[PDB]
């Protein structure tokens, strides 16, 4: 997250870190056994880390649980990033408490101008790299369809939206992928892609979770 702020420990209790001997992506806890992340984050050897603040220090309140299933959307396209969503089933259920909690799925889509909270342990620089110890947060609005298509002509599908700031300086970045975009208590987006980070006229692009609620529910029910 570039241009954000230190969340505070466990203030985003649905945020998870996906770890393969290092933090590689984010995710969102949607019930005690399932996490939503990005398809482009898929790999073998995923350990889900819940209750994290400093990802480099054991502070208390962490739960580390192996992924038992990692289910990429069958129509995920790695060239366009259409359908950039994955479900992870935990090997054992997480223990839910004030610091480890699920986030609700949307019942309807969010409109342009809706304010959201985007979070992660990704890069904090727009040029070069710096990776934080603690979780970072950014408040950002959903942009209009027209503004999103103007920024990324030919690249925005119906399963994507843009959020952030056209003036530069405030965005998600590498290492934030898979993490949450929460608006009014609902998981409306997944950190997906963008051109650079925090560059003028190049906002973040997010998977539009409301389009997938039935697919999530059906996939969880059958697994």
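Numbering follows the first chain given and starts at 1.
- When the C-alpha B-factors of 79-87 and 126-134 are averaged, 126-134 comes out higher.
- Remark: stretch with higher mean C-alpha B factor among 16-24 and 199-207 is 199-207.
- Across the options 67, 156, 29, 190, the residue with the most elevated CA B-factor in the record is 156.
- The entry lists C-alpha B-factors for 102, 144, 107, 119, and the highest of these is at 107.
- In the deposited entry, the Cα temperature factor of residue 167 places it in the highest third of its chain's modelled residues.
- Among all modelled residues in this chain, the alpha-carbon of residue 47 has a temperature factor (C-alpha) in the lowest third.
- For residue 56, the recorded CA B-factor ranks within the middle third of the chain. Only modelled residues enter the ranking.
- In this PDB entry, the Cα temperature factor of residue 112 sits in the top third of its chain's modelled residues, the highest group.
- When all modelled residues of the chain are sorted by CA temperature factor, residue 71 is found within the lowest third.
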